[PDB]
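To start, the structure itself, in structure tokens.
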Amino acid sequence: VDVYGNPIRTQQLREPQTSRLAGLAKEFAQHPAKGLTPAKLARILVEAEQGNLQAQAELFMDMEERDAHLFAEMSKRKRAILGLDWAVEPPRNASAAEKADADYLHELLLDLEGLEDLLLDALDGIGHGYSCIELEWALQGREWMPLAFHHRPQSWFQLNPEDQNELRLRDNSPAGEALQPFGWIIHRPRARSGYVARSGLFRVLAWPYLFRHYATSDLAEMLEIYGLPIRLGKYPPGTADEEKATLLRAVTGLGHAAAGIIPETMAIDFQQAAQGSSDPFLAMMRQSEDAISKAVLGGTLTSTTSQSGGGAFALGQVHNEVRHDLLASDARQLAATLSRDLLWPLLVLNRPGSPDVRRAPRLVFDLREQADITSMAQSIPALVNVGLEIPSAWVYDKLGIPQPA
Amino acid sequence: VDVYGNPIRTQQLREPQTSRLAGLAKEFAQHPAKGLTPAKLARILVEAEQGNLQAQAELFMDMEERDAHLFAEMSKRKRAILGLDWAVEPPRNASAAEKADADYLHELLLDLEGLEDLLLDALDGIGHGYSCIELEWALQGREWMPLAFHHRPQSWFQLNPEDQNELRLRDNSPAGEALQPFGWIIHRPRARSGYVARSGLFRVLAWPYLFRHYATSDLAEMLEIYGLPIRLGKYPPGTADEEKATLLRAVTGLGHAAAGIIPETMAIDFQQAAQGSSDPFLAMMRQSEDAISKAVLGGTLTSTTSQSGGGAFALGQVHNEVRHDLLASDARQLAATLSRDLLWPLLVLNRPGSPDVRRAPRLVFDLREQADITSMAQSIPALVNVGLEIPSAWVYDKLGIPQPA
Amino acid sequence: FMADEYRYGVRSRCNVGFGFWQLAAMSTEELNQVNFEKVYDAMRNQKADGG
């Protein structure tokens with residue numbers, strides 16, 4: 001069975017759950033970001049709270065695509081995880097059989113193509129609040145294998161009417177369809193405590209995005225109007241339609257044309273077009289960008305930048321507060337999700353027996369922080385000459401150097 | 001029994017208390033932050049003081065979601081705790097049986113999945129003033145286990161009419177329902193001395209949030225009006241309705257249109273639209289953000305930033321004042337809550353006998369601060385050559401290096 | 001602002017209660033047993049099915 005105890009039947013693993021839903025694969029995103037107003041955004045969020053996640057997912061995708069600063073921040077945050085070395089470790093004080101199981105799982109993950117793509121797809125749940133990856137199960141004789149990992153759009157799911165924390169497929173029915181066991185890797189990182197609909201970071205970031213969009217569009221319009229002044233022509237009674245058209249064309253082309261002549265009975269008045277500055281717009285854009293930077297990566301390095309300054313402890317100063325905390329949180333949550341969803345089916349299908357769930361191997365990301373070799377290498381000799389018996393295992397582990405074999 | 005002495009009956013542990021309240025699970029948040037005015041906020045707070053916590057909880061959730069700066073600060077503060085290593089220690093001068101009990105509890109917590117989620121859910125009480133997590137109890141033979149931890153919204157509870165410090169479930173009755181023993185982990189951090197309703201940090205942070213919201217909305221409106229000037233057209237007596245509509249459309253499109261012509265008998269006056277600056281709005285936003293930073297994380301590193309500057313003692317300078325105090329306070333309160341709520345039921349159900357409550361093991365968070373290895377390693381040799389017999393236990397404990405085994 | 005209730009009273013047994021008192025405490029019995037002792041002895045000797 002799975003970790004949650006639901007019965008597992010190997011018959012349903014031959015075909016993906018969504019195969020019998022050919023309607024989903026033919027859908028196109030509705031792009032709800034175009035022509036978006038604060039009222040529309042509020043309605044979208046409220047409806048999403050009630051189980052209509054399609055519009056929210058499409059809006060989040062558009063928001064990711066249309067904002068360069070937000071996209072850069074999210075990409076940097078995800079690439080931070082994608083570059084971490086990982087390993088599979090056996091449970092606490094594991095036995096020989098458990099060690100062998102962990103070693104086999106580690107070897108299987110090493111030789112499993114598409115792991116990086118799986119991690120990238122799973123990390124989308126950081127912003128979207130939940131990411132679902134469908135599994136393709138195949139048999140190369142007697143051992144089950146994940147053939148491929150398919151990322152399904154968040155717009156394909158909904159909320160259970162009887163449960164606000166349980167996701168279901170959109171199968172044209174009011175209650176949707178329950179997710180098949182062992183058929184998905186659902187990643188639901190928890191930045192804030194609440195239901196799944198409210199758990200996305202883009203829900204926090206939506207309003208600054210709209211503020212920045214409005215400011216940028218208004219600035220573009222004002223830059224378009226800038227330049228020549230608006231000038232209005234006046235004509236006396238008894239001016240025919242042809243003369244009216246001639247005066248109109250003359251006024252229209254007068255800005256580009258340096259000189260022109262009109263009868264003394266006519267008049268042209270040059271009125272202010274748009275006089276001001278870009279200061280308000282740029283102030284709003286800077287405020288929104290700082291808010292986005294703080295919300296995504298913390299207000300110590302991105303928005304209120306940590307500035308330059310090297311040194312042996314500079315790495316620690318830059319990392320440990322804020323950056324290390326965020327990195328560790330994301331890595332630990334991703335590792336927990338993976339150990340729950342991918343490691344367990346492999347252990348319970350590819351190996352004999354029914355090992356207890358509490359003793360399953362856990363995927364661990366390498367969060368080791370580079371320690372100053374020179375300072376500590378200076379420090380050891382004094383301590384050892386004093387008489388302290390420092391274990392070599394601690395040194396080898398903390399320095400990153402492996403133990404002799 | 002529990003720590004408070006209330007009789008404990010194992011019959012009620014088979015089902016959650018809220019299972020017989022299927023009405024609660026079908027509710028949706030009312031979103032009281034939309035269209036919020038200072039009078040409405042004052043009424044919400046006053047009503048919450050009197051036992052109506054639903055509106056206050058929903059307002060706090062909206063406040064958390066809609067403010068990026070506040071959300072970033074709270075997330076950083078909580079992630080600070082989530083990254084701390086923890087251990088279970090036996091009581092003062094504990095005996096062999098007590099040491100065995102503590103070791104078994106430590107092993108059980110290590111192998112208990114969902115601990116990080118439990119800590120995150122409990123830390124919500126920092127801002128909300130109280131967090132309730134429901135327990136699922138199951139028997140794997142002869143030993144009780146927490147199957148899962150469920151975080152219930154603060155909107156599901158109320159105040160006892162006869163007691164302002166005791167929370168109760170909303171069961172449609174005036175007096176609510178008392179909380180089941182051993183069925184919840186209630187975390188109520190105490191930033192300020194008072195009743196539970198007034199104990200939330202969001203109660204302090206509400207007013208700066210409203211100030212910032214008003215300033216941002218006003219700035220957005222003023223940016224929308226900025227650009228072209230308002231221009232008013234005037235027409236003489238004897239202008240028909242069709243000519244009036246033509247003049248109105250001409251005036252409406254005149255700002256975008258560089259040129260236009262009107263009869264000499266008409267007139268168009270270009271009046272100031274909105275002339276000023278973003279300085280007042282931005283000043284208010286900065287004031288509110290500084291207030292929020294000071295209230296959440298202290299006015300030494302976040303609002304009045306500590307600036308750069310490394311060194312061996314830089315860690316101490318940044319941490320010990322403000323940051324270390326807040327970290328230690330939060331960690332100690334969380335550890336006390338956990339030791340009270342989760343450790344005790346495990347000890348009194350999973351082990352024989354009736355150990356005295358004063359001798360229960362206590363969960364301890366690792367608050368050890370990194371000490372300068374180089375300076376102290378320089379220092380020891382002089383002291384030891386002088387003749388001082390410094391214990392090795394103090395060195396091993398303070399450096400973080402473990403004693404040889 | 002409102003409070004809701006879904007209860008109601010009950011009439012448990014009409015053979016274990018008594019009313020309609022001309023209550024007073026003037027004389028030792030001639031006015032005390034008028035009601036207090038009439039209720040007392042009546043209940044002491046109320047009969048059920050089977051005499």
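Just remember, in the structure tokens the first chain shown is A, the second B, etc., residues are 1-based per chain, and ligands are 1-based in the order shown.
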
With a cut-off of 10 Å, could you pull out the residues of chain B touching chain C and give me the nearest pair of atoms for each, distance in Å to one decimal, using only C-alpha atoms, ordered by chain and ascending number, as a Markdown table?
| residue | atom | partner | partner_atom | distance |
| --- | --- | --- | --- | --- |
| B:172 | CA | C:4 | CA | 8.0 |
| B:173 | CA | C:4 | CA | 7.4 |
| B:174 | CA | C:3 | CA | 6.9 |

Contacts from chain B to chain A, 6 Å maximum, only C-alpha atoms: show me the residue list as a compact mmCIF listing (two decimals) with N, CA and C atoms, in the first residue's frame.
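So the final result, stored in part-v1.txt, reads:
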# COMPACT_ATOMS: atom_id res chain seq x y z
N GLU B 65 -2.44 37.69 3.78
CA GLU B 65 -2.36 37.40 2.35
C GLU B 65 -2.09 38.67 1.54
N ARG B 66 -2.69 39.80 1.92
CA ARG B 66 -2.72 40.99 1.07
C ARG B 66 -1.52 41.91 1.27
N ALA B 68 2.54 42.13 1.31
CA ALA B 68 3.74 41.37 0.97
C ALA B 68 4.83 41.57 2.01
N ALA B 72 6.30 38.58 4.28
CA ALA B 72 7.71 38.24 4.23
C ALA B 72 8.33 38.25 5.62
N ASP B 121 2.48 24.96 11.69
CA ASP B 121 1.10 25.25 12.06
C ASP B 121 1.02 25.87 13.45
N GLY B 227 -1.49 62.26 -16.17
CA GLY B 227 -1.37 62.20 -17.62
C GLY B 227 -1.98 63.41 -18.29
N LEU B 228 -3.04 63.19 -19.06
CA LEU B 228 -3.71 64.29 -19.74
C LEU B 228 -4.42 65.18 -18.74
N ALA B 258 -4.01 64.92 -31.12
CA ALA B 258 -3.14 66.08 -31.02
C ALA B 258 -3.85 67.37 -31.41
N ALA B 259 -4.74 67.31 -32.41
CA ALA B 259 -5.31 68.51 -33.00
C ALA B 259 -6.81 68.36 -33.16
N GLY B 260 -7.49 69.50 -33.18
CA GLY B 260 -8.92 69.55 -33.41
C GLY B 260 -9.34 70.97 -33.70
N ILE B 261 -10.52 71.10 -34.30
CA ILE B 261 -11.06 72.40 -34.69
C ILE B 261 -12.47 72.54 -34.15
N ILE B 262 -12.78 73.72 -33.63
CA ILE B 262 -14.12 74.04 -33.13
C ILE B 262 -14.51 75.42 -33.62
N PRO B 263 -15.81 75.72 -33.64
CA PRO B 263 -16.24 77.07 -34.01
C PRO B 263 -15.72 78.10 -33.01
N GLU B 264 -15.52 79.32 -33.51
CA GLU B 264 -15.06 80.40 -32.64
C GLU B 264 -16.04 80.68 -31.51
N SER B 278 4.39 61.94 -5.35
CA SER B 278 4.20 60.72 -4.59
C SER B 278 4.83 60.79 -3.21
N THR B 374 38.86 30.04 16.45
CA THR B 374 40.26 30.44 16.37
C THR B 374 40.70 31.20 17.61
N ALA B 377 40.78 28.89 20.62
CA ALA B 377 41.85 27.90 20.49
C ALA B 377 43.21 28.54 20.76

Using DSSP on the backbone coordinates, identify the residues of region 113-264 of chain B assigned to strand (DSSP E or B); present them as JSON, numbers by chain. {"B": [131, 132, 133, 134, 135, 136, 137, 138, 139, 144, 145, 146, 147, 148, 149, 150, 151, 152, 157, 158, 159, 160, 163, 164, 165, 166, 167, 168, 169, 177, 178, 184, 185, 186, 187, 230, 231, 232, 233, 234, 259, 260, 261, 262, 263]}

Hey, can you spit out that residue selection with N, CA and C atoms as a CSV table (one decimal), in the first residue's frame?
chain,number,residue,atom,x,y,z
B,131,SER,N,-3.1,28.9,18.2
B,131,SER,CA,-3.2,27.9,17.1
B,131,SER,C,-3.6,26.6,17.7
B,132,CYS,N,-4.6,26.0,17.1
B,132,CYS,CA,-5.1,24.7,17.5
B,132,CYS,C,-4.9,23.6,16.4
B,133,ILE,N,-4.2,22.5,16.8
B,133,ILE,CA,-3.9,21.4,15.9
B,133,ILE,C,-4.6,20.2,16.4
B,134,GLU,N,-5.5,19.6,15.7
B,134,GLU,CA,-6.2,18.4,16.1
B,134,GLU,C,-5.4,17.1,15.9
B,135,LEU,N,-5.5,16.2,16.8
B,135,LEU,CA,-4.7,15.0,16.7
B,135,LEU,C,-5.5,13.8,16.2
B,136,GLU,N,-4.9,12.9,15.4
B,136,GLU,CA,-5.5,11.6,15.0
B,136,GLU,C,-4.8,10.5,15.8
B,137,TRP,N,-5.5,9.8,16.6
B,137,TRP,CA,-4.9,8.8,17.4
B,137,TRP,C,-5.3,7.4,16.9
B,138,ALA,N,-4.2,6.6,16.7
B,138,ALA,CA,-4.4,5.2,16.2
B,138,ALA,C,-3.6,4.2,17.0
B,139,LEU,N,-4.0,3.0,16.9
B,139,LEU,CA,-3.3,1.9,17.7
B,139,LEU,C,-2.7,0.9,16.7
B,144,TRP,N,-0.1,3.6,21.2
B,144,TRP,CA,-0.8,4.7,20.6
B,144,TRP,C,0.1,5.5,19.7
B,145,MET,N,-0.4,6.0,18.6
B,145,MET,CA,0.4,6.8,17.7
B,145,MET,C,-0.4,8.0,17.2
B,146,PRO,N,0.2,9.1,17.0
B,146,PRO,CA,-0.4,10.2,16.4
B,146,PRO,C,-0.5,10.0,14.8
B,147,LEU,N,-1.6,9.7,14.3
B,147,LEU,CA,-1.7,9.3,12.9
B,147,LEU,C,-1.4,10.6,12.0
B,148,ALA,N,-1.9,11.7,12.4
B,148,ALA,CA,-1.7,12.9,11.6
B,148,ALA,C,-2.0,14.1,12.5
B,149,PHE,N,-1.5,15.3,12.0
B,149,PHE,CA,-1.8,16.6,12.7
B,149,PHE,C,-2.6,17.4,11.7
B,150,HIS,N,-3.8,17.9,12.2
B,150,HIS,CA,-4.7,18.7,11.4
B,150,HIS,C,-4.8,20.1,12.0
B,151,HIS,N,-4.5,21.1,11.3
B,151,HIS,CA,-4.6,22.5,11.7
B,151,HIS,C,-6.0,23.0,11.5
B,152,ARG,N,-6.7,23.4,12.5
B,152,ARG,CA,-8.1,23.9,12.3
B,152,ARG,C,-8.1,25.4,12.3
B,157,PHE,N,-13.4,28.6,16.5
B,157,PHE,CA,-13.4,28.7,18.0
B,157,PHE,C,-14.0,30.0,18.5
B,158,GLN,N,-14.2,30.1,19.8
B,158,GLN,CA,-14.8,31.3,20.4
B,158,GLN,C,-14.3,31.3,21.8
B,159,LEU,N,-14.8,32.3,22.6
B,159,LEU,CA,-14.5,32.4,24.0
B,159,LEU,C,-15.6,31.9,24.9
B,160,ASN,N,-15.2,31.3,26.0
B,160,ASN,CA,-16.2,30.9,27.0
B,160,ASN,C,-16.9,32.1,27.6
B,163,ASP,N,-15.5,32.6,31.0
B,163,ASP,CA,-14.1,32.6,31.1
B,163,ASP,C,-13.5,33.2,29.8
B,164,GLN,N,-12.7,34.3,29.9
B,164,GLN,CA,-12.2,35.0,28.8
B,164,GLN,C,-10.9,34.4,28.3
B,165,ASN,N,-10.3,33.4,29.0
B,165,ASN,CA,-9.0,32.8,28.6
B,165,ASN,C,-9.2,31.4,28.2
B,166,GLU,N,-10.4,30.9,28.0
B,166,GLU,CA,-10.6,29.5,27.7
B,166,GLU,C,-11.4,29.5,26.4
B,167,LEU,N,-10.8,28.7,25.4
B,167,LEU,CA,-11.3,28.6,24.0
B,167,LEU,C,-12.3,27.4,24.0
B,168,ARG,N,-13.3,27.5,23.0
B,168,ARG,CA,-14.3,26.5,22.8
B,168,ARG,C,-14.6,26.4,21.4
B,169,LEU,N,-15.1,25.2,21.0
B,169,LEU,CA,-15.5,25.0,19.6
B,169,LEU,C,-16.9,25.7,19.4
B,177,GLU,N,-18.2,24.4,22.9
B,177,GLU,CA,-17.9,23.1,23.4
B,177,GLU,C,-16.5,23.1,23.9
B,178,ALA,N,-16.3,22.5,25.1
B,178,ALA,CA,-14.9,22.4,25.7
B,178,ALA,C,-14.0,21.6,24.8
B,184,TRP,N,-5.9,18.0,21.1
B,184,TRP,CA,-5.4,19.2,20.5
B,184,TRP,C,-4.0,19.5,21.0
B,185,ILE,N,-3.3,20.3,20.2
B,185,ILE,CA,-2.0,20.9,20.6
B,185,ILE,C,-2.3,22.4,20.4
B,186,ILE,N,-2.6,23.1,21.5
B,186,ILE,CA,-2.9,24.5,21.5
B,186,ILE,C,-1.6,25.3,21.8
B,187,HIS,N,-1.2,26.2,20.9
B,187,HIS,CA,-0.1,27.0,21.1
B,187,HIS,C,-0.5,28.5,21.2
B,230,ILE,N,-7.8,67.5,-17.5
B,230,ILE,CA,-9.2,67.6,-17.7
B,230,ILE,C,-9.5,68.9,-18.5
B,231,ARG,N,-10.3,68.8,-19.5
B,231,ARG,CA,-10.6,69.9,-20.4
B,231,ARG,C,-12.1,69.9,-20.6
B,232,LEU,N,-12.7,71.1,-20.4
B,232,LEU,CA,-14.1,71.3,-20.4
B,232,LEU,C,-14.5,72.2,-21.6
B,233,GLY,N,-15.5,71.7,-22.4
B,233,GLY,CA,-16.0,72.4,-23.5
B,233,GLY,C,-17.3,73.2,-23.2
B,234,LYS,N,-17.4,74.4,-23.8
B,234,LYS,CA,-18.5,75.3,-23.6
B,234,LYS,C,-19.2,75.6,-24.9
B,259,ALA,N,-4.7,67.3,-32.4
B,259,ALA,CA,-5.3,68.5,-33.0
B,259,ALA,C,-6.8,68.4,-33.2
B,260,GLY,N,-7.5,69.5,-33.2
B,260,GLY,CA,-8.9,69.6,-33.4
B,260,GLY,C,-9.3,71.0,-33.7
B,261,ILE,N,-10.5,71.1,-34.3
B,261,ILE,CA,-11.1,72.4,-34.7
B,261,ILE,C,-12.5,72.5,-34.1
B,262,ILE,N,-12.8,73.7,-33.6
B,262,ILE,CA,-14.1,74.0,-33.1
B,262,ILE,C,-14.5,75.4,-33.6
B,263,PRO,N,-15.8,75.7,-33.6
B,263,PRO,CA,-16.2,77.1,-34.0
B,263,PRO,C,-15.7,78.1,-33.0

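Computed from the coordinates, the CA of residue 60 (chain A) to CA of residue 124 (chain A) distance equals 10.8 Å.
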